[PDB]
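Chemist: Before I ask anything, here's the sequence and the deposited coordinates:
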Amino acid sequence: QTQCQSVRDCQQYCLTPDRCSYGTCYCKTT
């Protein structure tokens, strides 16, 4: 269960991601 492969995935999801980590793309302020 990996929402993302890499920060890339979050970068489209979120203007300022934290990490693609824990199979869930963490966003720094969203």
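Modeler: On my side now, so go ahead. Residues are numbered from 1 along each chain as shown.

Chemist: Now do the helices in the chain.
Modeler: Along the chain, the segments classed as helices by DSSP state H run 7-13.

Chemist: Distance check, residue 20 against residue 2.
Modeler: For residue 20, the distance to residue 2 equals 8 Å [CB to CB, to the nearest Å]. C-beta here means a position set from N, CA and C on the backbone, and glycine is covered the same way.

Chemist: out of the two, which sits in the more crowded spot?
Modeler: residue 20 (20 against 10; other CB atoms under 10 Å).

Chemist: My read is that that one contacts residue 12, right?
Modeler: No. Using CB atoms under 8 Å as the test, residue 20 is too far from residue 12 to be in contact (11.2 Å).

Chemist: What residues are bridge-paired with residue 27?
Modeler: Beta-bridge partners recorded for residue 27 (DSSP bridges): residue 17.

Chemist: could we number from 833 for the rest of this?
Modeler: Understood, numbering begins at 833; the last thing we discussed is residue 859.

Chemist: what's the spacing between it and residue 837?
Modeler: Taking CB to CB as the measure, residue 859 falls 16 Å from residue 837.

Chemist: Give me the spatial nearest neighbour of the most centrally placed residue in the chain, chain neighbours excluded.
Modeler: Geometric centre of the chain, nearest residue: residue 857, 2.6 Å, by CA atoms, centre = their mean. Leaving aside its sequence neighbours, residue 857 sits nearest to residue 842 (CB to CB, 6 or more residues apart in numbering; 3.5 Å).

Chemist: Could you pull up the contacting residues of the one you found?
Modeler: 836, 849, 850, 851, 852, 857, 858, 859 (CB atoms under 8 Å, 6 or more residues apart in numbering).

Chemist: swap the cut-off to 6 Å and go again
Modeler: Taking CB atoms under 6 Å, 6 or more residues apart in numbering, we find residue 842 in contact with 836, 849, 852, 857.
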